[PDB]
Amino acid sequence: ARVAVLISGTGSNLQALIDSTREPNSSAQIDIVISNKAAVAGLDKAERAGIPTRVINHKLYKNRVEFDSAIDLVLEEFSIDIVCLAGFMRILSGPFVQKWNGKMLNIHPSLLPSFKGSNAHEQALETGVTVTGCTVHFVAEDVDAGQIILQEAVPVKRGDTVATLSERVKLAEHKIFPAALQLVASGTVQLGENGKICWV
């Protein structure tokens, strides 16, 4: 399966996906890295890995569908089968999500359905959970509500900040998101006809 990785920043999840998809048994290949922001370190990680990069600055587009259509063009150009959102921070438009229904994965730094949104760690610490985690889910139109592929719990330690908690959670993220990509790329998991996760 041909994979596009959409990034917005540092790209540590991208790096974990690169490493896993170069394993001999990997069923996924990363063929393009799209960043909506220039000079983010994720572009350098891809360039050091030989992977083509495209920057598609969302601020240059009139609305969301024009920005998404620009992404979709690169995806068709590279004949992409699966899209991974790895720290990509722009909410995607309905028609784009519908087109890629069942082919788009997102990594979210909480145990969904808890702490949806852009600052899951802040919410987790504010709430005082002692267990958080990360979620790989299929992207549905409703943000952070698509079907869940894999999760992994991560303890919150006394004294944790966003810095120490997200560093611990990212260790789990870099496990389940390569695993989740492999499940989908190998056709082991799909969004079923009933819309829930189907382990075929």
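Residue numbers here begin at 1 and follow the sequence given. Heads up, when I say rigid core I mean the largest set of C-alphas that superpose within 1.5 Å between the two forms.
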{"query": "Farther-lying stretch by C-alpha RMS in 9 other deposited structures of this protein (rigid core fit) among 99-107, 119-127", "finding": "119-127"}
{"query": "Core-aligned Cα RMS comparison in 9 other deposited structures of this protein - stretch that moves more, 45-53 or 59-67", "finding": "59-67"}
{"query": "174-182 versus 187-195 - which carries the larger mean C-alpha B factor in the record", "finding": "187-195"}
{"query": "Selected stretch [higher average CA B-factor]: 48-56 or 150-158", "finding": "48-56"}
{"query": "Peak C-alpha temperature factor (PDB record), options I80, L111, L125, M89", "finding": "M89"}
{"query": "Out of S166, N63, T135, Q29, residue topping the C-alpha B-factor column of the entry", "finding": "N63"}
{"query": "Within-chain third of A38 by Cα B-factor, per the entry", "finding": "highest"}
{"query": "B-factor third for the C-alpha atom of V131 within its chain", "finding": "lowest"}
{"query": "Where the record places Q15 (Cα B-factor, split into thirds across the chain)", "finding": "lowest"}
{"query": "Entry-reported Cα temperature factor of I7, expressed as the chain third it lands in", "finding": "middle"}
{"query": "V74 by Cα B-factor - lowest, middle or highest third of the modelled chain", "finding": "highest"}
